[PDB]
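Remarks on the structure that follows.
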Amino acid sequence: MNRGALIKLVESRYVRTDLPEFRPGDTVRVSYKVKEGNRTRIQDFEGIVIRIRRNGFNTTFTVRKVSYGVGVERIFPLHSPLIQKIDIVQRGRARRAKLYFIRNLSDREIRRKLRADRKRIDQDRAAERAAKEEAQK
Amino acid sequence: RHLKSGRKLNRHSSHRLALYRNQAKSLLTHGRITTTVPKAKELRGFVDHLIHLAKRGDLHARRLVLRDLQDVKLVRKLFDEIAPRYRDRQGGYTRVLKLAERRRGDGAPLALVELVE
Amino acid sequence: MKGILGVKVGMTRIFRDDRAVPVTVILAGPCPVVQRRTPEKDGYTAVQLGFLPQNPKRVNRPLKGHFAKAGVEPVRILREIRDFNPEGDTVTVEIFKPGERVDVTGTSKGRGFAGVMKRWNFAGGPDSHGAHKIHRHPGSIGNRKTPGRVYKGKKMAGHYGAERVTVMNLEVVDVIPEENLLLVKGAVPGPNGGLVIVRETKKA
Amino acid sequence: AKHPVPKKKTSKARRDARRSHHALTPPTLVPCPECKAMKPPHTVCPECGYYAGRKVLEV
Amino acid sequence: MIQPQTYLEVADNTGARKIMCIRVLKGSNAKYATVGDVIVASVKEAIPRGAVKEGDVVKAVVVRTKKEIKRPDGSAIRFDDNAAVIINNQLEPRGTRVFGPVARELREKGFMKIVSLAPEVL
RNA sequence: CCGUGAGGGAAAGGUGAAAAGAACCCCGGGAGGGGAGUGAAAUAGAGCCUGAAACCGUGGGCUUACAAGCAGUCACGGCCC
RNA sequence: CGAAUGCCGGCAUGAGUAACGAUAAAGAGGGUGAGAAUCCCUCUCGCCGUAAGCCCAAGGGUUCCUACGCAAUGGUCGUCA
RNA sequence: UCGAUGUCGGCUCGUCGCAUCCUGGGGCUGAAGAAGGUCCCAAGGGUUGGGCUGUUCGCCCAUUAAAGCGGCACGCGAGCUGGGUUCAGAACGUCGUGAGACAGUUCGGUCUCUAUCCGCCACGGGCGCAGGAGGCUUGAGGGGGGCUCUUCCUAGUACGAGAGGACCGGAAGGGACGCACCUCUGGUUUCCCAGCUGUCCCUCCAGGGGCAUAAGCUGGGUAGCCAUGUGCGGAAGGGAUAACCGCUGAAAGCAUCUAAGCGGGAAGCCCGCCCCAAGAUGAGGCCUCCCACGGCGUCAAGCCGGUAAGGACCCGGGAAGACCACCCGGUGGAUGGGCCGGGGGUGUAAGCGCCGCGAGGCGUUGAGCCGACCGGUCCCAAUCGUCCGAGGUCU
């Protein structure tokens, strides 16, 4: 009754708290791919993230890649067969949330429209935190 | 099935805004306005929002209210003599009551709108 | 024929095996059986269940404490569930198991005075070439001197939706007893917060 | 004038009968407490006004 | 979503470049075709010599599209063109190569060689 | 009044013997009423003698919401004077 | 005289319906008065600006100014014209 | 029918007929199998997308299970189209000395805002349902829906002169169509956020507002409404039959599905499924409530006046809605508004600091603003009230 919502939130218990956060910058990560009788073979997709579409659980995001001649845009649940997700360059510093404009105008024009976000990178420095002090601190 | 969604409106955009504003100035000026019930009913939430902003009294808020009211003399009165009157009251700084009988003119039901207190 | 009163809460999807399965959640709060029809006195057999509990004792004429769990009879009233006669003290969701199949009945959204060509998908007139006040219109509706009339049932414009609708054979995907919750294969008549009834299906 | 037109003058019978639902409803009123008067409900009206509340003029 | 009149880019060395859909070979009335659907198509422009001359009427199999393909797992994929691969009646490709990615839906649809021959299955 | 013009071309009579044409009071902003008053008469009160029909009202009697019709007619029966 | 798509007149029906004549746009506070969305004043809002501003010809012929008016005219209202 | 019955074709909307083009039965076959042929039963459902012509029709392309033929004023112009036919202009070929003329060609050519009755699709008001109420129901009788292809397993096995390929049975995929839905996908999202130009203004700088549409322009975009998106449906099952096939069986010692009887047997009929439905005046059932004459007729309303259970009005509203109706609230309250939190959209506000001569750039900062969504909170508003309404006719 009372929270039409907070009931539904309770069902979403396939949430994740293991994925690096990213936003229209430049990640890359794996999958799951069925074939060959098996549901094995993990395959990596590698691209600029074009748009994250927020909604708590079932927020999706989408990744652009240039496979051979062709552009390819992928779309991802943010949950479930995604084994790992670690990101390439948290660049963008995109002036805007949804950036489909790059579909029409992709090449090096991208690169000099989507320069590095040293700010977010330089806090991934701080996050290096690989001081090997386990069983020692 | 138009309407599964919020905020009544006759007049088009430009002119409806102009109305909420010109009613706001007016309400904040005289403290009592007399209008048709629906107009009154909408004017209610447009002003409460302005009033609230004024209570926080930071430069941003002043600038923020000047978008809709364009008058500094009035905006002042707001921040200095109106918004203090609340400050212990959260939400609902405006009152709307209907009147009996309408206009010999088109028979329109009237309400009045008061600043509360 | 199992069955329970319930409320559509709304939908999302979950994952199964390795696939996204859209579901609509239903809250089927426990349903106090407040009358049983017998063939003897009433003619047919069924069970009248009740649903939404709370009530400021607005019980006036239907005081009808009569059955144990008159526990201030439910806001959202009470409905029968045809041929069905169980453990005479409440109906939970334990009733259902995952995998099972069900028919769901509720109230389609109220579309108001619909056009034809929404009410019916009619073709409508051409956006151009031909004159101009007949784009969303229905065309002809008849012949001429014979029959000199319009037939009964003619698909025309009017009040559409806000009507009963039973969609059939939905998978029950999961049952949360703990919360009287219930997941199915998504897309059940009616808006969220809305009343529904939920019965075992007819593929047998 | 053009395309459809009425085919027969309408009976006084059929006319007065269409008007069956034309009769008006009497305005819905009640007594102003604290004042001797018949107003519509939910309305501030100049016989009185209200209490701690605005109205015409009164000493 | 390919429909008759849609132009399709070819992704092999058959010698065509553009073909244009004349029917989809699903039912008697299948509206659109997508990945793994076979179509008839007229050839519109082509490279000097080869298997396929202009105005030859051939069968191809859609391998990429512009409109996204939804997957069971909720995911989707979308190309920046609609491409086809030309095929002989008993459903083998005529060419020897195939250029650019292809959707894995062709695998379930039994298009093995094509899939092998791609540089990348998405 | 119509038409540039030649030209075309209506409608519209009646208080009462006498104006004695209704002071003054009342409701109303007035218009209109209601009393008072004149008169043989005012349902002769001022485009006022006579005031037909269509048409619109108000009250009263009989009557009608499971019947189908050129509306009437023949018969019975009920209710009303 | 009952018919001439008759002639003049009056009164119906459609009907409380279509419409109320440019989608440049309004709002509030005060006055006035029997009565005000429609008149006066103020302040906000919008529209015109080779004009929708200013001046002249022709045409119109008192429509000009001021004081009284509100039956009718004004496509509503009217204290305004 | 000339005081007017618009007169091809197209579109839109259908509905009917069977002499059936698919799909379901079936008998003959010059039927080996597969695939045909032919006739018989059967419209339940289906019966495609294009090129050419105003075309009807037709031929052609690519498909298809199939690409049926007709009626409904050559259905349908108070529904649209006007390409053709069919006025006035013009031209050709042709006929006439001519003026002109030709189902011969050619280019052009005004298709009318208001629905009174019947009909039809929706939604209400009245009254009735033999006390008065509030719930829940039964289903007479209606309507809806009925489709079909492929691949595989049996088995390359029955059959075969081979060069192919079944019956029966069993599985897994499609195509259209129908009802619902917004999680995903994909649209809109008219002021939710940002950016941009020109000009006028507030207040000079900064910072804002107006107008460039009824959004100036641009880039995004919740809720909702939606299809390209998602879930479902045709069924299984039973019953009676059609053509057709039989059992037993005389009249007629034989024979005969038939005269007595009995079995099989269709996508067709009936039921089963979904939705409407007691104005089903034949007005149904069950649960639960309120019950009294208080005052007057010819003695139970044909009686008024207060009432009872209840119900109206008024008010806040609603994925209900043209109005009405419906549903939910009315202070004992979270109904709307405001405010707060969460979601969500935008994508680091203003101000100050610093950097650069400057346009600018960094930091503060995922900032600032912020519709509808899920909630919380009595701050504002549903104040105070009124009017209805049994008192219950007969063996």
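Chains as they are written, first to last, in the UniProt record's numbering: chain A, 1 to 137; chain B, 2 to 118; chain C, 1 to 204; chain D, 2 to 60; chain E, 1 to 122.
Backbone N, C-alpha and C fix where the C-beta goes; we use that ideal spot for every residue, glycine too.
Whether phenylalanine 67 of chain C touches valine 34 of chain C by CB criterion (7 Å): yes
In DSSP terms, what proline 22 of chain C is bridged to: C:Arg13
Contact list for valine 72 of chain A against chain E, beta-carbon separation under 8 Å: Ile77, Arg78, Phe79, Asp80, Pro101 and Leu122
Contacts that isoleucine 14 of chain C makes with chain A (C-beta to C-beta distance below 8 Å): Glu11, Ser12 and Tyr14
Candidates E:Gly36, E:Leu25, E:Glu9 and E:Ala16, of which the one nearest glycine 110 of chain E by Cα: E:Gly36
Exposed unless 16 or more other CB atoms sit within 10 angstroms - verdict on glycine 74 of chain E: buried
Secondary structure of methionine 112 of chain E, DSSP reduced to three states: helix
Secondary structure, beta strand (DSSP E): runs of 3+ residues fully inside the stretch 33 to 74 of chain C: 35 to 37 and 46 to 50
CB contact check: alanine 19 of chain B to chain D, cutoff 7 Å: no
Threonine 6 of chain E CB to nearest heavy atom of the ligand SAM below 6 Å: Although the ligand SAM was asked about, the structure shown includes no ligands whatsoever.
Beta-carbon contacts of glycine 50 of chain E that lie in its chain and below 7 Å, excluding the five residues immediately before and after: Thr14 and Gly15
Best match in B:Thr37, B:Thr36 and B:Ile52 for proximity to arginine 86 of chain B [C-alpha to C-alpha]: B:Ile52
Whole-Å CB distance - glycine 193 of chain C paired with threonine 107 of chain C, under 8 Å assumed: Between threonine 107 of chain C and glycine 193 of chain C the Cβ distance is about 11 Å, and since that is not below 8 Å, they are no contact.
Residue from E:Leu25, E:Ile47, E:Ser28 and E:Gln5 whose Cα sits closest to the Cα of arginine 17 of chain E: E:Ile47
Residue from C:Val198, C:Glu87, C:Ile26 and C:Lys155 with nearest C-alpha to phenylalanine 122 of chain C: C:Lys155
Cβ shell of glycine 115 of chain C (< 7 Å), same chain only, five flanking positions each side left out: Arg136 and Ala157
Cross-chain neighbours of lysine 8 of chain C in chain B, by beta carbon under 8 Å: Result: empty, since nearest Cβ-Cβ is about 16 Å, beyond 8 Å.
Residues that DSSP places opposite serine 42 of chain E in a beta bridge: E:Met20 and E:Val57
Residue from C:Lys202, C:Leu27 and C:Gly6 whose Cα sits closest to the Cα of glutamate 11 of chain A: C:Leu27
Closer than 9 Å at the beta carbon, the chain B residues around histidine 43 of chain D: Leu98 and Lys99
Boundaries (first-last residue) of the alpha helix (DSSP H) holding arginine 17 of chain B: 14 to 31
Residues that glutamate 115 of chain B contacts on chain D, provided the C-beta gap is smaller than 8 Å: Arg55
Partners in chain A for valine 198 of chain C, counting only beta-carbon separations shorter than 9 Å: None at all; the shortest Cβ gap to chain A is about 16 Å.
Nearest-angstrom beta carbon gap, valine 60 of chain D and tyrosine 51 of chain D [assumed within contact, 8 Å]: At roughly 16 Å, the Cβ-Cβ gap does not stay under 8 Å, so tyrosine 51 of chain D and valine 60 of chain D are not in contact.
Contact with chain E by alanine 20 of chain C, beta-carbon distance below 7 Å: yes
Chain E contact for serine 67 of chain A (CB, 7 Å cutoff): yes
First through last residue of the alpha helix (DSSP H) which encompasses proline 42 of chain D: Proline 42 of chain D -> no alpha helix (DSSP H), and no H or E assigned at all.
Assigned exposure category for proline 32 of chain D - 16 Cβ within 10 Å defines buried: exposed
Nearest-angstrom Cβ-Cβ length linking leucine 182 of chain C and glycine 6 of chain C, presumed shorter than 8 Å: 7 Å
Segment limits, alpha helix (DSSP H) that includes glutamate 11 of chain A: 4 to 11
Reference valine 85 of chain E; option with closest CA among E:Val24, E:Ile2 and E:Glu9: E:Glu9
Under 8 Å by beta carbon: chain E residues contacting residue 221 of chain A: The requested residue 221 of chain A does not occur in the structure, where chain A is confined to residues 1 to 137.
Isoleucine 95 of chain C - DSSP class collapsed to helix/strand/coil: coil
Span separating the alpha-carbon of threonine 29 of chain D from that of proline 41 of chain D: 6 Å
Straight-line Cα distance separating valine 30 of chain A from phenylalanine 45 of chain A: 6 Å
Closest residue to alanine 70 of chain C among C:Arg19, C:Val150, C:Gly50 and C:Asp42 (Cα-Cα distance): C:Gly50
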